[PDB]
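FYI the Cβ positions are ideal-geometry reconstructions off the backbone, even for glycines, and counts take in every protein chain you see. A short reminder: the numbers here are calculations on the coordinates, not readings from a lab.
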Amino acid sequence: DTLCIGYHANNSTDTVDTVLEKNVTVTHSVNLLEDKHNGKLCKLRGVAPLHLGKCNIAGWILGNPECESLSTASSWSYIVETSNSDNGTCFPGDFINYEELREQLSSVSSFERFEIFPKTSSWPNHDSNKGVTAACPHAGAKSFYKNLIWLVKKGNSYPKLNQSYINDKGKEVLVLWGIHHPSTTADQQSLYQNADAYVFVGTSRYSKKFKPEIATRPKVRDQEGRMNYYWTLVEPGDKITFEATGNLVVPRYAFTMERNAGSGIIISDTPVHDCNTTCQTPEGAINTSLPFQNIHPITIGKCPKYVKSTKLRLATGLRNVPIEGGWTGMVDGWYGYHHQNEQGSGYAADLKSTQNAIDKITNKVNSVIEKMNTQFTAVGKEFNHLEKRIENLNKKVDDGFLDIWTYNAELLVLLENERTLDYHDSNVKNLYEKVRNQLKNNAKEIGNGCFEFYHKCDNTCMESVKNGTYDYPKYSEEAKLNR
Amino acid sequence: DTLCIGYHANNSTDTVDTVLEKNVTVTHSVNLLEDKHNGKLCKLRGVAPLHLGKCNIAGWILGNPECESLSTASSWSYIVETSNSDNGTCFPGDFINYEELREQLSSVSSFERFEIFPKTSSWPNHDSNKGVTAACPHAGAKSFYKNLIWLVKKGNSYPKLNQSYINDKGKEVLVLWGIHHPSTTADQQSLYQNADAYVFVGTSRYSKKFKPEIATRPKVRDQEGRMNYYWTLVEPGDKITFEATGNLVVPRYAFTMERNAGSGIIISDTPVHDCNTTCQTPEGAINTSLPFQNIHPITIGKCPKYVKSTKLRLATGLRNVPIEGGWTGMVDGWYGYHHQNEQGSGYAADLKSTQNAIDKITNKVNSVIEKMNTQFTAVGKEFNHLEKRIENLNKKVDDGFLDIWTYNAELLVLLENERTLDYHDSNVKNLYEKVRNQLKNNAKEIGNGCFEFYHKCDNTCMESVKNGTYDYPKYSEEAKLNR
Amino acid sequence: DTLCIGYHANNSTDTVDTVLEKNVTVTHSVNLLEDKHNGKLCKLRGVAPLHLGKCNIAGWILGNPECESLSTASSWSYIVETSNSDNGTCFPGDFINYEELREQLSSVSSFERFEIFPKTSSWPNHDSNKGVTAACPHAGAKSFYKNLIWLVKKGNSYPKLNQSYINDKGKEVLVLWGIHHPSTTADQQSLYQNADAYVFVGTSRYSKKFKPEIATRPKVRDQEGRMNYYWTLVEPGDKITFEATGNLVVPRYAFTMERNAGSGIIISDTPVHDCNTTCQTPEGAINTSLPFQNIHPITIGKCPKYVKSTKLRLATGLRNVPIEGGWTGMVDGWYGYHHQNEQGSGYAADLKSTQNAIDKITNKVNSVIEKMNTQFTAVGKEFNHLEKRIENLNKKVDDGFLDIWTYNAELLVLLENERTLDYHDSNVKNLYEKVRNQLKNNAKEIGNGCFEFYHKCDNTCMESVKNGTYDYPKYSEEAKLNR
Ligand SMILES: *[C@@H]1O[C@H](CO)[C@@H](O[C@@H]2O[C@H](CO)[C@@H](O)[C@H](O)[C@H]2NC(C)=O)[C@H](O)[C@H]1NC(C)=O
Ligand SMILES: *[C@@H]1O[C@H](CO)[C@@H](O[C@@H]2O[C@H](CO)[C@@H](O)[C@H](O)[C@H]2NC(C)=O)[C@H](O)[C@H]1NC(C)=O
Ligand SMILES: *[C@@H]1O[C@H](CO)[C@@H](O[C@@H]2O[C@H](CO)[C@@H](O)[C@H](O)[C@H]2NC(C)=O)[C@H](O)[C@H]1NC(C)=O
Ligand SMILES: *[C@@H]1O[C@H](CO)[C@@H](O[C@@H]2O[C@H](CO)[C@@H](O)[C@H](O)[C@H]2NC(C)=O)[C@H](O)[C@H]1NC(C)=O
Ligand SMILES: *[C@@H]1O[C@H](CO)[C@@H](O[C@@H]2O[C@H](CO)[C@@H](O)[C@H](O)[C@H]2NC(C)=O)[C@H](O)[C@H]1NC(C)=O
Ligand SMILES: *[C@@H]1O[C@H](CO)[C@@H](O[C@@H]2O[C@H](CO)[C@@H](O)[C@H](O)[C@H]2NC(C)=O)[C@H](O)[C@H]1NC(C)=O
Ligand SMILES: *[C@@H]1O[C@H](CO)[C@@H](O)[C@H](O)[C@H]1NC(C)=O
Ligand SMILES: *[C@@H]1O[C@H](CO)[C@@H](O)[C@H](O)[C@H]1NC(C)=O
Ligand SMILES: *[C@@H]1O[C@H](CO)[C@@H](O)[C@H](O)[C@H]1NC(C)=O
Ligand SMILES: *[C@@H]1O[C@H](CO)[C@@H](O)[C@H](O)[C@H]1NC(C)=O
Ligand SMILES: *[C@@H]1O[C@H](CO)[C@@H](O)[C@H](O)[C@H]1NC(C)=O
Ligand SMILES: *[C@@H]1O[C@H](CO)[C@@H](O)[C@H](O)[C@H]1NC(C)=O
Ligand SMILES: *[C@@H]1O[C@H](CO)[C@@H](O)[C@H](O)[C@H]1NC(C)=O
Ligand SMILES: *[C@@H]1O[C@H](CO)[C@@H](O)[C@H](O)[C@H]1NC(C)=O
Ligand SMILES: *[C@@H]1O[C@H](CO)[C@@H](O)[C@H](O)[C@H]1NC(C)=O
Ligand SMILES: *[C@@H]1O[C@H](CO)[C@@H](O)[C@H](O)[C@H]1NC(C)=O
Ligand SMILES: *[C@@H]1O[C@H](CO)[C@@H](O)[C@H](O)[C@H]1NC(C)=O
Ligand SMILES: *[C@@H]1O[C@H](CO)[C@@H](O)[C@H](O)[C@H]1NC(C)=O
């Protein structure tokens, strides 16, 4: 009659690496690294993105003629631009603090367009119907930005323009305007009469005077002149004043909006779908609770940390090795016993030891995952061609964090997997000793983690040994007789 | 007669977490996380902060009428502003490179105010007594900044102003001035006569021409005009030249100062007290050598790393479990023996093993703490409303470091605590074996980590076993007789 | 007859630290920290640096008279400036976006100088031979920048200047020019006639008007006036237009170049040598595959992480302690046996166990090193005196990463070294047990990890025990007789 202590085995072919040994096949493991996405752009915090299918942000906020088709949302959690979103400014010039605006508009709680300076009543002394150009065509017709009015001299006169808006909203108002810069003096006079024109704009924390910069420039979109764009936020209760003798492109519409924390802009040709996520990647939303991902470095949301590793498999089970080896027949648990006597034979798991190991290892896996506790962040940032130093500083931060997370994540798995297997080996060894301590002189050790009895051990005996209730004295005399 | 190997126990109710098991009660532990402060703002490097109780930095450096009460320090290690420090610029306008100045003044080795352009001798052709406004009242009277002079036309004439200062100090000089921008032409003429006025200021590495920007603006502090503020540092040996035909607010006082490395600004209503610290937090100074703190993300000094964890308890002792369990009576050490014979009974610690474990664990704790080796840094940074991209870059850095430190700190405690307990278990087991190896056949194992002798073992025997000097052969014959 | 299980020892005197115990002497260890360099500046990616021995970048790109001796490379991987590279701008003024230019030129795939506006044909109406100054002397003669032409009125007339360049290159063109600012009106007229002069420059994404700012300034290099420098890149297919009535210093030469990713600038007096490296440090190139270095925080290339630790020794071997202690005579392996009988005595390594431990530990060391997987980065960044906030942000990033890497690197070695020694102890103990399991009752344990036989064990017996093929029953009767 024999009783053996062994461990579980199966047909599992996946592996883990350990710091000491590579390609260790295990019976069970979990994945800490998410390498998949659903291929769709989803809502964040239950709120849809603003999708600019053809237009970029400058185009959309200014009212490029091609953005008219776009339905504006009252709110959004992030902005999506496509790889071919070319419809930005249609009248060539510099959009000032464009990048800062792009970021401020990245996430809004609310957004309403309203007509700040009504076309039919605000500009009675100026011609608001000649403000068109071939650079901003609509269905082949000369046109202009929808949210701006380009005023032209009326009756060969451009009287001082003096208008203001008082922000009676409970929210900040975004006001945009522009300055026109004719290619020649002749154009300056044709449009504004005054020649030596100036523009002044200001609010309680903003004040700037502008002058026309008249020179011939290389043609862009068939324009030898330029039009710059400016913007400011007006605090609730404040006033914005526009004073000009020419070259001012006045706001028509302005936006009442409340900035929501902050998010980012995703550039992707990936479609928007009615789905929910907590982590939005340019390649598609990520749906996981795992601490790491290797899909993309730039994500918006409470995202897993980006690592450049390809495989972070955390062992939970023991080595799968078909004690000489494991028992593929012991399907009911990790550790257990096999017995053979004159009544019968077979396998049975040691439920106390097995469940103990399961609870401790499961909690261990949960510790690694639960402690990541990520924060909601935009990650991606945008800089212009004269901001390379800061762009590269941002890169240092992303590369530094990547190397830290990759190094620590890859080692952590390697530090954990080695012991996990030693832990299981220890538990198996401990079962062997627990039996040895009971059998004492009533059985001999025969190798392979097995004991051979010096007495007949029936089913009620094998159970006594497994349950830790074996009566040594009871079988002592028989054992003496057989030695 | 018996001899048992056991371990210490007490009435301690605190716990540690391990990566495998939560809420493990231990006999001894240490705290790696500082969650308290003394509630006071203290000196850094033995040097007091500059406390601006009512004024902010712009107010203080310009000489806002309400800062007159403030006693200026000759030096400071950091600057403290209160939550209601509203007295900044009193004459509305833009303070240029204000944020850069705020940071440069954050820490100074020395700071002296001196009268760079004496009021009674530097401006003989201009009226220095009319430079007042209702926007900067003093005790109800019209007044102005104390460190600046606003010059007005004298006798309906504003002759070219031409003054310079040569820096004969061994330290850099901070010179501040401003440009006035009247709301109307009529005011420009009332104050400066010339109408088409200009201002020029320059040093060896600085040169800028300014022109009045005259337009009506929204009233701020009852002013329809604005006054901008500018500043520059003058290197030792250099000269600063002020040339103007109007609209120049000239320096009266300038500051000779030496910038000390760099620190930061704390915004807090917490009072300044005569105390010392090496880490200043907005909520109160931190007094600890521990590697982590969870008090606040923004601190100045050689501060513990901020983590968002709440509990980093590092086990030093063994499991406190009242071998079946621990011995609450073994008060003299972690590991030890209990004996009982016909002479007496009781507990005694194994001093060699216990001290060994103490030295190794104590050194281990010190390793975790000592290796943090922090640096002196300001941490907090300030950006304006047109600098959101860089402000958010700074945020990424702080959030990234927080997640890294929190994740690693929480795991480190969990990686350490699990083994610390296994280490103690190993030492206890080793004592059991050391005894087993001596007693051999002269005693039997009876469970609970205890041996039962087959011979009479007197006090001089029990000591021989504990001391590793047990004479097996000596008691062999008696043991044979009793088997 | 005896057989002992022991371990290797030698005369090695180096140590490792462990988290539990300091100064542990080991038989073998490796260094993870590189603290040496070859003292020379080497090529990166097979490409030489651009070495500016006397000139700085502004000097070199503008053509300071002292840079004429310098041979320009067609390409470079990084730029080297010396500690005394004072020859920058020779005509005092502000070089605009200088820092951004310095970084863009840090690494170029190709770089060709060409004469964008030929001196003899582009400026027929202006005097190109009077553009000299005492501020930019050459061999004692008045001179000027080599890549720029300072045009002066010809025949007391300065007719409108109108020239343009079309970029017919497949690469970006860097065009530099400057604006002159005379100290007095009299000089403005002496040089340009027009007095109220202006300069306009523009490209498809750039447009700026400049005006002379005429005022007397402190003398720098005997100049009471100033000359500012501007630059822009012209995209392939675009045009740059220069329109002026005076005060324009026109480009003579321009550079056709392609920016290569990005690198940095090293300031060092260390010479350039014909050698190769993958990591360039200001103190000399680093030649190692190790994960960490403590040479310098600022490096260019696929560099080891900078740590401020001094010693990262990773144990590979076992404790070197001349089982009571190690065997200095067992030179053929880490673990092994010693035997003595009537035939002979001596040592022999256990090759199976020793090689197993070597392969696992060697792979372990390689795991720590191989997983660092660094990226190519410049690390160093440059900011001006009005950019302290961003400079200090960059510092936070470097200090934060340093503390993270130092803390983790120092602990990692301490976490690893402790167990490495326990691992070896476990393997030695396991050999002891493997022997014990065979000998059973045919030998006694005598301490020191040794067994003493109860029978005569010849050379063919000692080999049977070591090889795991000992026949217990064979010697059982003799063992009985001797007990
Ligand atoms: C909107 O974007 C399209 C491009 O997506 C612009 O059309 C291009 O205009 C340039 C200049 O006339 C032509 O050289 C290209 O061949 C046109 N491309 C296509 C596909 O038609 C269009 O002009 C933009 N409209 C506005 C108002 O900005
Ligand atoms: C995304 O999450 C939001 C909750 O934040 C879901 O909104 C709920 O939708 C159900 C209808 O299915 C309504 O009865 C609930 O009242 C809504 N909750 C709130 C707070 O408004 C939304 O449906 C989810 N979207 C998807 C695609 O699953
Ligand atoms: C100093 O700060 C106080 C506020 O702390 C200023 O007083 C306020 O002035 C505004 C404008 O006149 C009033 O609407 C507020 O009601 C005043 N508040 C209080 C509490 O009096 C004061 O004018 C500032 N003085 C200077 C020189 O800047
Ligand atoms: C803060 O630390 C400084 C030392 O950096 C203490 O200054 C010393 O004060 C004693 C009087 O108690 C003098 O006798 C010493 O000469 C001072 N040392 C130096 C270098 O000047 C200071 O007292 C400490 N402050 C507090 C509140 O403890
Ligand atoms: C090139 O750099 C040298 C310094 O390395 C300049 O020479 C200095 O010029 C100043 C001003 O005339 C003198 O006060 C110094 O004494 C000179 N130093 C030396 C060592 O001669 C030189 O003028 C620069 N040349 C150019 C074209 O920039
Ligand atoms: C630095 O590395 C480059 C390769 O990137 C070496 O260039 C080779 O030099 C040999 C002559 O010794 C030529 O036969 C090969 O054709 C070159 N390879 C290439 C791709 O051009 C260079 O010699 C190395 N420099 C040093 C000092 O070792
Ligand atoms: C082989 O592996 C698969 C997947 O785990 C499992 O469903 C199947 O039952 C295994 N076959 C055997 C004989 O265990
Ligand atoms: C197996 O181990 C070897 C190293 O001996 C390694 O190169 C290989 O990639 C591992 N196997 C896989 C991915 O199957
Ligand atoms: C995938 O998304 C669904 C719906 O929100 C969620 O129930 C499921 O748990 C997510 N999968 C994972 C791995 O989190
Ligand atoms: C196992 O042992 C426990 C005592 O610890 C006893 O109560 C239980 O009945 C035993 N199980 C069996 C099947 O006898
Ligand atoms: C209970 O715990 C306290 C605090 O450690 C200690 O002072 C006291 O002596 C303990 N009581 C007993 C009976 O051990
Ligand atoms: C005890 O463990 C449970 C998990 O089983 C955990 O939720 C709880 O917070 C722990 N206890 C405390 C703080 O007392
Ligand atoms: C608290 O401050 C005092 C005085 O400087 C110092 O002696 C004490 O050690 C500090 N406490 C800690 C935990 O460092
Ligand atoms: C303990 O053993 C040492 C020898 O290692 C001996 O010198 C010492 O006297 C012994 N202690 C007692 C109390 O006998
Ligand atoms: C002493 O150490 C050196 C360096 O490792 C070695 O070459 C030499 O053989 C050693 N001497 C002895 C006797 O082992
Ligand atoms: C040896 O250990 C001590 C601590 O007990 C430490 O101070 C010393 O620096 C270590 N030794 C060296 C560098 O030899
Ligand atoms: C030093 O450089 C040489 C030549 O490139 C290389 O063969 C050698 O392996 C390098 N040394 C180290 C430690 O990498
Ligand atoms: C060692 O044992 C193996 C069997 O595992 C056997 O084949 C080999 O011949 C033995 N070595 C010697 C020297 O007998």
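Looking at region A:260-276, which of its residues are under 15 Å from A:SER75 (Cα atoms) and either of a type in the set (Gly, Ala, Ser) or within 16 Å of ligand 3 (Cβ to nearest atom) (or both)?
Answer for region A:260-276, where residues must be under 15 Å from A:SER75 (Cα atoms) and either of a type in the set (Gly, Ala, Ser) or within 16 Å of ligand 3 (Cβ to nearest atom) (or both): A:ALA261, A:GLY262, A:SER263, A:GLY264.
Which numbered condition in (1) surrounded by fewer than 20 Cβ atoms within 10 Å (Cβ to Cβ); (2) under 17 Å from B:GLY59 (Cα atoms); (3) touching a strand residue (DSSP E or B) at 6+ places or on another chain (Cβ under 7 Å) is the only one that B:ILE265 fails?
(1)
Anything in region A:158-207 that is surrounded by 14 or more Cβ atoms within 10 Å (Cβ to Cβ) and of a type in the set (D, E, K, R)? List them, or say none.
A:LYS169, A:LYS171, A:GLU172, A:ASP187, A:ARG205
Within region A:401-408, is there a residue that is under 20 Å from the mean Cα position of the chain (by Cα), within 12 Å of chain B (Cβ to nearest Cβ), over 29 Å from C:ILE369 (Cα atoms) and outside any loop (DSSP other than H, G, I, E, B)?
No - not one qualifying residue is present in region A:401-408.
I'd like the residue in region B:49-62 that is hydrophobic (A, V, I, L, M, F, W, C) and either closer than 21 Å to B:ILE298 by Cα or within 14 Å of chain A (Cβ to nearest Cβ) (or both) and, out of all such residues, is nearest to ligand 14 (Cβ to nearest atom).
B:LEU50
Can you tell me which of (1) touching an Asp or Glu at 6+ places or on another chain (Cβ under 9 Å); (2) within 16 Å of ligand 16 (Cβ to nearest atom) is the one C:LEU33 doesn't meet?
Unmet for C:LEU33, out of (1) touching an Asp or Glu at 6+ places or on another chain (Cβ under 9 Å); (2) within 16 Å of ligand 16 (Cβ to nearest atom): (1).
Test B:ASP269 against the stated conditions and say whether it is charged (D, E, K, R) and either within 12 Å of another protein chain (Cβ to nearest Cβ) or touching an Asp or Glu at 6+ places or on another chain (Cβ under 8 Å) (or both).
So B:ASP269 fails the test.
Working only within region B:294-329, note down all residues that are away from every other protein chain (no Cβ under 14 Å) and closer than 18 Å to B:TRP405 by Cα.
B:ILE295, B:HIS296, B:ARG313
What do you reckon, is C:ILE390 among the β-branched types (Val, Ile, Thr), closer than 30 Å to A:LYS308 by Cα and more than 8 Å from every other protein chain (Cβ to nearest Cβ)?
no
Filter region C:418-475 for residues that are among the charged types (D, E, K, R) and part of a strand (DSSP E or B); which is nearest to ligand 8 (Cβ to nearest atom)?
Within region C:418-475, the match that is nearest to ligand 8 (Cβ to nearest atom) is C:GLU445.
Within the set of pairs 6+ apart or on separate chains, which have a first residue in region C:97-115 that is closer than 9 Å to C:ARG259 by Cβ, a second that is of a type in the set (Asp, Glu), and C-beta atoms under 9 Å apart?
Sorted first by the residue in region C:97-115, then by its partner, the pairs are C:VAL108/C:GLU258; C:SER109/C:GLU258.
Please work out which residue is surrounded by the fewest Cβ atoms within 10 Å (Cβ to Cβ), limiting yourself to region A:445-477 and to residues that are among the charged types (D, E, K, R) and in contact with a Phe, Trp or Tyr (Cβ under 7 Å, 6 or more places away or on another chain).
For region A:445-477, the residue satisfying everything is A:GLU445.
Would you mention how many residues in region A:339-380 are part of a helix (DSSP H, G or I), surrounded by 15 or more Cβ atoms within 10 Å (Cβ to Cβ) and away from chain B (no Cβ under 14 Å)?
Within region A:339-380, residues that are part of a helix (DSSP H, G or I), surrounded by 15 or more Cβ atoms within 10 Å (Cβ to Cβ) and away from chain B (no Cβ under 14 Å) number 2.
Within region B:201-209, identify whether any single residue is part of a loop (DSSP other than H, G, I, E, B), of a type outside the set (A, V, I, L, M, F, W, C) and more than 19 Å from C:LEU386 (Cα to Cα), and answer yes or no.
The answer is no; no qualifying residue exists.
Scan region C:319-328 and tell me whether some residue there is under 30 Å from C:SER289 (Cα atoms), of a type outside the set (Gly, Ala, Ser) and in contact with a helix residue (DSSP H, G or I) (Cβ under 6 Å, 6 or more places away or on another chain).
Yes, there is a match, as at least one residue in region C:319-328 is under 30 Å from C:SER289 (Cα atoms), of a type outside the set (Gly, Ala, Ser) and in contact with a helix residue (DSSP H, G or I) (Cβ under 6 Å, 6 or more places away or on another chain).
Among the residues of region C:63-87 satisfying the criterion of being of a type in the set (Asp, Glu) and in a loop (DSSP other than H, G, I, E, B), which is farthest from the other protein chains (Cβ to nearest Cβ)?
C:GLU68
Working carefully through the options B:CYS90, B:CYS42, find the one that is crowded, with 18+ Cβ neighbours inside 10 Å, part of a strand (DSSP E or B) and hydrophobic (A, V, I, L, M, F, W, C).
That would be B:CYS42, the only listed residue that is crowded, with 18+ Cβ neighbours inside 10 Å, part of a strand (DSSP E or B) and hydrophobic (A, V, I, L, M, F, W, C).
Give the residue that is nearest to ligand 15 (Cβ to nearest atom), with candidates limited to residues of region B:6-39 that are touching a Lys or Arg at 6+ places or on another chain (Cβ under 7 Å) and within 14 Å of chain A (Cβ to nearest Cβ).
Looking at residues that are touching a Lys or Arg at 6+ places or on another chain (Cβ under 7 Å) and within 14 Å of chain A (Cβ to nearest Cβ), I get B:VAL19.
Among (1) over 30 Å from A:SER309 (Cβ atoms); (2) surrounded by fewer than 20 Cβ atoms within 10 Å (Cβ to Cβ), where does C:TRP334 come up short?
(2)
Yes or no, residue by residue, for (1) among the polar types (S, T, N, Q); (2) facing another protein chain (nearest Cβ under 9 Å):
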| site | (1), (2) |
| --- | --- |
| A:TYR230 | no, no |
| A:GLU243 | no, yes |
| A:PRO251 | no, no |
| A:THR256 | yes, no |
| A:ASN260 | yes, no |
